[PDB]
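In structure tokens, one chain follows: the form solved without its partner chain.
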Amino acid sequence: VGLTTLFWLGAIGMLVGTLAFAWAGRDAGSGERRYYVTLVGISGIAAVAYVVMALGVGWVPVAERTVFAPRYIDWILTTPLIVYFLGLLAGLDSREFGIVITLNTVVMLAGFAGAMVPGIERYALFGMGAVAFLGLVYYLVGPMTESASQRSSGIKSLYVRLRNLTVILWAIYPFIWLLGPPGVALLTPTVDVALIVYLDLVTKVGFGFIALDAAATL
């Protein structure tokens, strides 16, 4: 199994999620539609990014490594949508959304920038992202959880389930980044991509399926 193959697998998984979310939201009352649309965009954008990488585009040479630019474009656009989904579920107002969305953006921008910087100073960008990430986790586990507590028992339960999925799985990315080509380059590009393809699929499609389950049960 090579990079190309791993990218195709990611494209296929994202496509399956995209189609399922689009279908399940066919009707969608008039206030629940928002959730389905966000899911379609999250997995849809990732699907495109993976096909692009699978076709060999965006493989940017940096120092003695390769940076998959599409992955980062994908993250920058999709992770804020995931955060939006959680904030909607938690019942946040504009100001609340604004804070978590910017922290999220700082994480992804710093990571992309760090990956694109050849020198050892790139770790300074990585650190910036790590710090903003802790801020994001704080909001997810604190204020946003407090806000969610004002919703029905089911919604609060779905929020908690997805919050846990997000906090735990997202916290893993920085380590894979630090151990893979972007950092120490211990893990080969293939192993790093394999691990990240799984993580992207679960944080997006796994995330979506869990939500659909809750919606159905509700």
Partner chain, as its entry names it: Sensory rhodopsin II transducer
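Residue numbers count along the first chain shown, from 1.
A second form of this protein, the form deposited with its partner chain bound, is not displayed here; the remarks below concern that form.
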Exercise for review: Counting only non-hydrogen atoms, choose the one of 158-166, 37-45, 145-153, 65-73 that falls within 4.5 Å of its partner chain in the deposited bound form.
Suggested key: 158-166
Review point. Using heavy atoms and a 4.5 Å limit, would one call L179 a contact residue for its partner chain in the deposited bound form?
Key: yes
Exercise for review: Give a yes/no on whether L187 approaches its partner chain to within 4.5 Å in the deposited bound form, heavy atoms considered.
Suggested key: yes
Practice item. Answer yes if any heavy atom of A22 is within 4.5 Å of a heavy atom of its partner chain in the deposited bound form; otherwise answer no. Key: no
Check your understanding: Applying a 4.5 Å heavy atom distance criterion, does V202 contact its partner chain in the deposited bound form?
Key -> yes
